[PDB]
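For this one, two forms of the same chain are given in structure tokens, first as structure 1 and then as structure 2.
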Structure 1
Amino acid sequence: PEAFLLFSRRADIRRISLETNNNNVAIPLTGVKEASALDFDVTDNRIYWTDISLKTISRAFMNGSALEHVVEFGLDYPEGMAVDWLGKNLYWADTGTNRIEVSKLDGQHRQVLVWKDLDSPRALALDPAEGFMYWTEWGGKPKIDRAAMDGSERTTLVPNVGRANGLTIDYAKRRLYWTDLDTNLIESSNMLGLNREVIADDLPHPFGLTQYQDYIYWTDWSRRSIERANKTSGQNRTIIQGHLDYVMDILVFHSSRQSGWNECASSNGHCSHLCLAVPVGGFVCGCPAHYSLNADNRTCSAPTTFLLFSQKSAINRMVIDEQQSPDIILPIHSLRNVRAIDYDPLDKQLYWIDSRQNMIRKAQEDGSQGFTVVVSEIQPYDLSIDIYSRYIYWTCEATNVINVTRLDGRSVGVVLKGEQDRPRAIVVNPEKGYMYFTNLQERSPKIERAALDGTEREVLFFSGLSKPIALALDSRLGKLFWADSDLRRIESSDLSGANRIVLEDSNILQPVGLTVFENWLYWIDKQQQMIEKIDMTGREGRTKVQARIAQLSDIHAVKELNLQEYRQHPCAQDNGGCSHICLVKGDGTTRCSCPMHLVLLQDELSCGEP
């Protein structure tokens, strides 16, 4: 076919013919605001680009059809990208987020390959045939690193260099070309970062860079152009195009740029998710973020135990791998203002309250299968799931009640509504047929307990309370936890209400969320913008988990569900044959109960009108 040159400038991507250099035409694209990094896929006849304003990574055919965003979450400054034409994978480097990530060309199965010891990765260049990838870093002390295309064997290829850009690979001649923005020159070396040579140092302001056949192409910020030169000599120079300012990325589009073979190219390595190239031109199977590679070295299994912390416009998942795996933003669309969150370990579904819409919603990890469970005046404050009976307890800030609703939106009814009292924080403990909640009464706040049917009420604590805003509990530890906003402290006691102690009153500003994961107590501080944890074993003391997390709203721990043990709950299957409420005391006693507007009937299963 033919070989044209691609370049990005502001809100459009264009192509200049290399035979007829004056043929400057645009690529039929829409919606682009600030095109930065640029790549392609000759096979699929597709173009790829990142948008640092729109915070996306998009793709489309050269004819402009099938424009689609492939990555639209957790991006800050995606100034590095590269298409893996063999493994059919998409690589990118974010400077704002300090991560080198990977996924499929269509965006699924995203995973972080590099995140530890990363300072401003800018340019990225792949080599699937050899199983290596290279990138420049600007932060701290500029350098060019290398690593297997799975993130392994990371090493500093070039230690002494200025901020480098336009990292390009001469696949045929096996060399690395780049521009040094600080030293102001074009350099070159071998794959080992040796045999280093300066191609040109008398250029006014080189920025972009690429190479094709015997030539190198660069852009000049000051001469406002795209020029060309003998790739080894640096001479025999001509001007391809002039009057081109603010050119971000430049790249030659031709078949001879994406050649070679890979095991990932044959059958994706028989991998269930990601096929990632490694040294020798071999490969390895990779998984999505937080997923684990099974013993068969080819299949992936999702995380079973993890933490969920929410902020105003995002819900995040974090895990505790020794690998130190970084937290991620769940791809859930239309998040306006989340107040609280919970999770269903049985069907792996995420639930949350949205104060903007005054409703309760739910969706899966991957953000699909969305569904609203409660809509409306109604004004949800906090929620807590009974994973056994299969319904959601939640408190309303407007009507001041505790409403119960099936996971399918089907209403059950009200279980607690008394004048003067105001339910706020709530956690259910179905294992013992109880529920704990804070009661922010007009003049006296207290922490209460009751049966899941709203009966058998009793005040656990009434002193040392001005604004109990968060609750948590752990059966194993036999503890009840709460945090007070006004008193700036976290307290604990036994589920019984005995042995009350202050866990921490120092260095606390605004606690809004508590949860128990493993044997630690995690809490979020909305004002300090932190997530901290204390060891309930008293061996590790107090440490910080994350810093600078804006608009923290809630934090929730998820433990793997023991199905063999879950099924043993009498109120689990068919809801114990109960019409509405099914609960089980600690003395084994199980029984059907009813919401306030109904009554238990003669069959002691069904509920009817009084």
Structure 2
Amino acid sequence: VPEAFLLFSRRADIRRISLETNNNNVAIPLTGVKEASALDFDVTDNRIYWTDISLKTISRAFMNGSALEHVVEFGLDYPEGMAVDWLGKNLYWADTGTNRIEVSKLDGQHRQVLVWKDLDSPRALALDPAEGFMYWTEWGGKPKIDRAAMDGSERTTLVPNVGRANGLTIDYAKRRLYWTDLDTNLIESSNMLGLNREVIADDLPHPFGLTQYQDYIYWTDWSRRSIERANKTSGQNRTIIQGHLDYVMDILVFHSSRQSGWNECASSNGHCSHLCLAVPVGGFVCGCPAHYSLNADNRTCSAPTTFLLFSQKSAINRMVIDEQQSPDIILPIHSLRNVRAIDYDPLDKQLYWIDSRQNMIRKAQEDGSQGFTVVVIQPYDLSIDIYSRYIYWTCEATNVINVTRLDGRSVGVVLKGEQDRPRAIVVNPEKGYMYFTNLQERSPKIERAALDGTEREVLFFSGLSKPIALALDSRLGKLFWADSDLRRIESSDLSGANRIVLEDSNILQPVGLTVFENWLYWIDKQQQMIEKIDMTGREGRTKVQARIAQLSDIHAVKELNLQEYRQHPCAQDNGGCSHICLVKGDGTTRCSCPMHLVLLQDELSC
């Protein structure tokens, strides 16, 4: 029968020492760890879990060496407490920086934020999945220990009068709570309701980490560089288990008896498609990934259909206009160095961007899986034709409008000039036109052309300086843009030019804009904020979010009506065309080519 051992983290090392013998100090054979802190485990799985406070990630590996996976890589700021729900097979964690308690599957999937309101600085975290309750300590404001159901609901404050508590442990069998008090230098205990409180040991120079096993409590002490042990009720029989161990971060006893109990999730995941979250009354509630919604069946989840995307130098973020005002999530996308522009294909659900470092057009799914480079040349802005499956983009080095198929196959250039310096671009494949910006020497223009480069016309001469971004709404029939030097956002009609200056007031440098549903969102780089304007019966200028550092682009996504999509002529096998597909006039199809080829007699091929 496998015996119990004690896990501890210190610097880059996670080590096991055998209890009942107090030796065999071996390290778990882990690679790539810089600074380990929070520890937990899964006995049935024989897996270990840890936090890296330096790299700001959460990882797992089999005890036996490895099947090492990074389980949470993005969105952590000051990750603190971390714990395994061994029944629902979910991973919980708390973050002091972002002020959120988050959950996900043990393999990192279906990440969801459980509590984010009224949280100051969440620290220690402890789970009771048998009873469906979670417990945490908060360090900000008036320090306290809280309780809530393991879905974030039914939140109460359990211990209102404590110092900064750090070692929060449940003794599952005897129904008690234990924590270290850093301010009062003592170990305290209470029952599950935070009553019948008692101090266990008070002569403590610097207590930090804490665990409970059988009759014993275990703690680490940074002042006397030790892992110490005592009787859980009297506090007597004090012994030094390990000395000369400075800065031991977390300790835990690994044993089957520490993960006992049962709930309704332990059997086939409560039939929930994604997350099964334990609840004190009604056993369980099916949960969903962030931004996703629970269906009528109280079982399956639906992905958000209408949302907003905004990018900065190192991250693409997604936001939704929620009833509960859900927080933004940082999309888990690898190798982002300097994002300059973004777009999104609503047909295959893929995110496209351009990295100005390594100068490439890259694409991935929202979960960060389908990673693929489309264009490998100094791209500036891009715009997707969702019907022809082409991406139109502008090159800064060659000053050209280039069109590439989504799978990376080249279609060709459609516009090049000796004087032309094309920059911002947005396509309108519904009317068969593209719109763009021309940053020519001393003389800038907002232009319009056919998707092939014909029917060119200058829409605006004066009132421009350095227009930087474009947007359009095919429903209403308007074109939007933002001027960087003049700090103003203007609006006009598609074919016509009904120039309105809707905002010109409190702006520093706008760098992006899009239309959501009936709102005009934009992004200010210096002011570091997102703002929106109402298009209909005005609700007035509204602040969306501030404190966003180095933001580059903003993009709106809408639910794609599959019935309305297949009715568009150019989506029906590109209208027969080998290259460019055009719609104009009576709403029929006409083929065209890039600049190195000509249309060939059958008016179909190049």
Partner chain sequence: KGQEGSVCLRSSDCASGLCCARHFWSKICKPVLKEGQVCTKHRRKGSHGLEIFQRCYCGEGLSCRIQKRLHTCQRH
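Here, rigid core means the biggest group of C-alpha atoms that superpose within 1.5 Å across both forms. Each residue is numbered by where it sits in the sequence of structure 1, with counting from 1.
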May I ask which of the two structures is the form deposited without the partner chain? 2
Rigid-core superposed between structure 1 and structure 2, candidates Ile508, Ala229, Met530, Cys287; the one over the 2 Å C-alpha cutoff or at it is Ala229
If you line up the core, does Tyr566 shift 2 angstroms or more at its C-alpha between structure 1 and structure 2? no
Determine whether the C-alpha of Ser188 shifts by 2 Å or more between structure 1 and structure 2 once the rigid core is superposed. yes
When the rigid core is used for the superposition, does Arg15 move between structure 1 and structure 2 (threshold: C-alpha shift of 2 Å or more)? yes
For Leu552, the CA shift between structure 1 and structure 2 after fitting the core, in Å, is 0.4
Once the core is aligned, what is the C-alpha displacement of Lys585 between structure 1 and structure 2? Give it in Å to one decimal. 1.4
Can you read me the CA shift for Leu203 between structure 1 and structure 2, rigid core superposed, in Å? 3.1
